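Next up: a single chain in structure tokens, the form deposited in one PDB entry.
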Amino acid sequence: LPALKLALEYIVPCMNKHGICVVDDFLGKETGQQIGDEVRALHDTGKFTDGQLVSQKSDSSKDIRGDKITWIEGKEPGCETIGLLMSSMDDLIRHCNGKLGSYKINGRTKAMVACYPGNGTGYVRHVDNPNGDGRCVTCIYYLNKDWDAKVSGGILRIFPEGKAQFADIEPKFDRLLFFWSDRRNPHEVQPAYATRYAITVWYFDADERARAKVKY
């Protein structure tokens, strides 16, 4: 889908209504697999960190680490298609300009590529931007082919503010997710038992970010 039709007919009304929106088959199998290959190459050539220190034993051979990450600008060698994904995310957002809440998005972060190693680690419940750092929208692209949460876990569970229910999202291949980054969407990644990859970019609201400069 051109994604203008995507943005205008689905993403905009969905965000203003639910604040959590899912788009499947965003880029297609060929492009999605290319991104998957670049991501796995980054992993296989040691570009990710060793993983968030989850459990720190007196003996550090037994230390348990979780999510591994690496920041990608999109111009690095071997990251061209990730850069393409980023440009595609950017186009979609640009066409939503002035229609997502009363925000005015004027920038974004580099992409955070994350890898849950599949050792039973997940990510604790949290809010992406709880203190007004400028980020208004969280964008996540998933890379996991034939992901079966019943076997592999790794579900993203969102706890919509003021609602008594969960919003569970499987980290499926070629799936694109959008959600408000503030306290409206606390969320967690349930234990992942297989390697789980995702690429996240956060979009900035011009006003919030401008005043965050002094709040430092």
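We call the rigid core the largest set of C-alpha positions that still match within 1.5 Å between the two forms. The first residue of the shown sequence is 1; numbering continues from there.
As for the form deposited in another entry, it is not shown, yet the points below apply to it.
Practice problem: Compare C-alpha positions between this form and the one not shown after fitting on the rigid core and state which of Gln34, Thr70, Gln52, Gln190 moves by at least 2 angstroms. | Solution: C-alpha shift of at least 2 Å: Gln52.
Quiz item: Relative to what is shown, are the Cα atoms of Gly51 and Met112 closer or farther apart in the other entry, where the gap shifts by 3 Å or more?
Solution: Closer together, by at least 3 Å.
Quiz prompt | Closer or farther in the other entry, the Cα atoms of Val189 and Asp59, when the shift from this form is 3 Å or more | solution = Relative to the displayed form, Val189 and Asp59 draw closer in the other entry - a change of at least 3 Å between their C-alphas.
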